[PDB]
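Trainee: Right, I'll just put the structure down here and ask away after.
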Amino acid sequence: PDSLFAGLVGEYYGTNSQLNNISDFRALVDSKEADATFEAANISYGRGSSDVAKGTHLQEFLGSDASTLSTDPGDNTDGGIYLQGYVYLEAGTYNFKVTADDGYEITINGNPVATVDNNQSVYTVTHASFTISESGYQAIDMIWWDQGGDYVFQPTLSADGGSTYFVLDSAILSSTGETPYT
Ligand SMILES: C[C@@H]1O[C@H](O)[C@@H](O)[C@H](O)[C@@H]1O
Ligand SMILES: [Ca+2]
Ligand SMILES: [Ca+2]
Ligand SMILES: [Ca+2]
Ligand SMILES: [Ca+2]
Ligand SMILES: [Ca+2]
Ligand SMILES: [Ca+2]
Ligand SMILES: [Ca+2]
């Protein structure tokens, strides 16, 4: 079965084709089995240089989560991650504020809540609010990629109208939606 841990299910995919947008990365995910799996328990990755998909840059980027890699991917020019699972959120209003190079998309309960559909050097976007109607574990997924060069990915979330933001980590993540005791 699907292991229960305090994190999202992570998949890494590399390619020697150019990633320009969300569609390109999603097509890469659809095209093959993941080059590596991991547990995404502390979703604040990077920053680094000289291509995420080369050498040990992925390990450096994933940091605290890299010890759960299923393998050490070989070199590629371009690469990214697909995260999916659950996040505990009380009913209320929230918004993401994301620092990234290159682009990304986060969905909650199937609906996009933070999107950058293009390549970019590091930039921080404060995204529009969204609502949670019922307290509990919410479905969440994320994609992020690097087309080359520098790389960073730090989604943060606010519950208090943008006064404070937190990283999504083992305090509130669940791989399956069951309560983790890990
Ligand atoms: C679009 C930008 O291109 C630059 O050359 C890269 O160094 C940045 O990391 C980013 O991907
Ligand atoms: Ca796949
Ligand atoms: Ca490697
Ligand atoms: Ca780190
Ligand atoms: Ca670790
Ligand atoms: Ca959708
Ligand atoms: Ca590229
Ligand atoms: Ca880049």
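Just so it is clear, none of the values below were taken in a lab; they were calculated from the coordinates. Ideal geometry is used to build each Cβ from the backbone, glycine not excepted, and the neighbour counts take in all protein chains shown.
Trainee: Please state the charge dipole magnitude for the stretch 106-182, taken about the Cα centre, from unit charges on C-beta atoms (+1 on K and R, -1 on D and E), reported in debye and rounded to the nearest 20.
Mentor: Dipole size: approximately 80 debye.
Trainee: Okay, next question. Below 8 Å between Cα atoms, with a sequence gap of 6+, how large is the relative contact order for the stretch 105-161 in percent?
Mentor: Values: 45 pairs, mean separation 22.9, N = 57.
The normalised contact order for the stretch 105-161 reaches 40 percent.
Trainee: Hey, another quick one. Counting alpha carbon pairs within less than 8 Å and at least 6 residues apart, what relative contact order, in whole percent, applies to the chain?
Mentor: 32
Trainee: Using a/c under 1.5 as the rounded threshold, could you call the stretch 1-75 rounded, prolate or oblate? The axes a ≥ b ≥ c are square roots of the C-alpha gyration tensor eigenvalues, and prolate needs a/b larger than b/c, oblate otherwise.
Mentor: oblate
Trainee: Follow-up. Would you mind ranking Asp30, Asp146 so that the residue whose beta carbon has the fewest other beta carbons within 10 Å leads the list?
Mentor: Fewest-to-most Cβ neighbours within 10 Å comes out as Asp30, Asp146.
Trainee: Between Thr179 and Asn16, take the C-beta separation as r, use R0 = 41 Å, and let me know the FRET efficiency to the nearest 0.05.
Mentor: Approximately 0.50, to the nearest 0.05.
Trainee: Tell me, which longest segment in the chain has none of the GluC sites (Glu not before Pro) that fall in DSSP loops with at most 13 further Cβ atoms within 10 Å?
Mentor: So the longest stretch without any such site is 34-89.
Trainee: What dipole magnitude, in Debye to the nearest 20, does the chain give about its Cα centre under +1 on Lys/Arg Cβ and -1 on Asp/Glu Cβ?
Mentor: 320
Trainee: Using only alpha carbons, build the gyration tensor for the chain and give me the equivalent ellipsoid semi-axes, biggest first, whole Å.
Mentor: Gyration-tensor ellipsoid for the chain: 25, 19, 14 Å.
Trainee: Got a sec? Charge dipole of the chain, +1 on Cβ for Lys and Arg, -1 for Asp and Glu; which of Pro73, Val52, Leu28 is way out at the positive end?
Mentor: Selected residue: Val52.
Trainee: What angle do you read, to the nearest 10 degrees and between 0 and 90, between the alpha-carbon axis of helix 22-31 and the longest principal axis of the chain?
Mentor: Helix 22-31 sits roughly 70 degrees off the main axis of the chain.
Trainee: Next question. Sorted from fewest to most neighbouring beta carbons within 10 Å, what does the list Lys32, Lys54 look like?
Mentor: Ascending number of Cβ neighbours within 10 Å: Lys32, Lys54.
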